[PDB]
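Asks: Residues 1 to 140, numbered by the entry's author numbering, are exactly what the sequence shown covers, in order.
Each residue gets a CB set at the ideal place from its N, CA and C atoms; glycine is no exception.
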Amino acid sequence: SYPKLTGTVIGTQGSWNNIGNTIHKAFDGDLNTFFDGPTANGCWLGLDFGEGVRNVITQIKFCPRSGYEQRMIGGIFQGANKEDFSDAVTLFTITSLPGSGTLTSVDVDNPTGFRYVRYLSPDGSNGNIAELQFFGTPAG
Ligand SMILES: [Ca+2]
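(1) Taking only runs that begin and end inside the region 67-115, name each unbroken beta strand (DSSP E) of 3 or more residues, in chain order.
(2) Mind listing, in chain order, the residues whose beta carbon lies closer than 5 Å to a non-hydrogen atom of ligand 1?
(3) Assuming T39 is part of the beta strand (DSSP E), what are its boundary residues?
(4) If I measure Cβ to Cβ from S105 and keep anything under 7 Å in the same chain, skipping five residues before and after, which residues do I get?
(5) Do you know how far the Cα of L31 is from the Cα of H24?
(6) Going straight from the alpha carbon of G101 to that of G67, what length do you get?
(7) Are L5 and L132 close, meaning C-beta to C-beta below 8 Å?
Below, the structure is given as structure tokens:
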């Protein structure tokens, strides 16, 4: 069990109907608060660990938005070393309905060190996710 990783929150700007459920709601420790993106499609969020910082990812945990758990199916998690994710690799693909009101934990088996990680949401989701956490260790 490796430590939870910290970084700068990156991703889609804004929120649905300008209510204020921005990407930051996925990193606040509250499973009741969620990201609700401004558009149905294209929403994403994640971390930049910082210039010169690369982590090997060993585990990801996530919690869906309550009542909208199906909006995570088909979402993927990616690691990259370009902020545009053009070099990205998929670390995990959500294929089953996540349980409500809890963190689902998934193992990652990829030895690559990444500066950037993200959740890339499927069409029709508004990016909906309540909490997102990455675990791992500095790349050797
Ligand atoms: Ca939250």
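Replies: Looking at the coordinates:
(1) 76-80, 89-93, 104-107
(2) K25, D28, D30, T33, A130, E131
(3) Numbered from 1 along the sequence shown, position 39 holds the residue referred to as residue 39. Taken as a continuous stretch (DSSP letters only), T39 belongs to no beta strand (DSSP E), as it is neither H nor E.
(4) Stepping through the sequence shown from its first residue, residue 105 is reached at position 105. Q59, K61.
(5) By 1-based counting over the sequence shown, the position of residue 24 is 24. By 1-based counting over the sequence shown, the position of residue 31 is 31. Each residue's Cα considered, the two are about 12 Å apart.
(6) Within the sequence shown, numbered from 1, the residue matching residue 101 stands at position 101. Within the sequence shown, numbered from 1, the residue matching residue 67 stands at position 67. Computed Cα separation, rounded: 10 Å.
(7) Locating residue 5 in the sequence shown gives position 5, counting from the first residue. Locating residue 132 in the sequence shown gives position 132, counting from the first residue. Result no, Cβ atoms of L5 and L132 do not sit closer than 8 Å.
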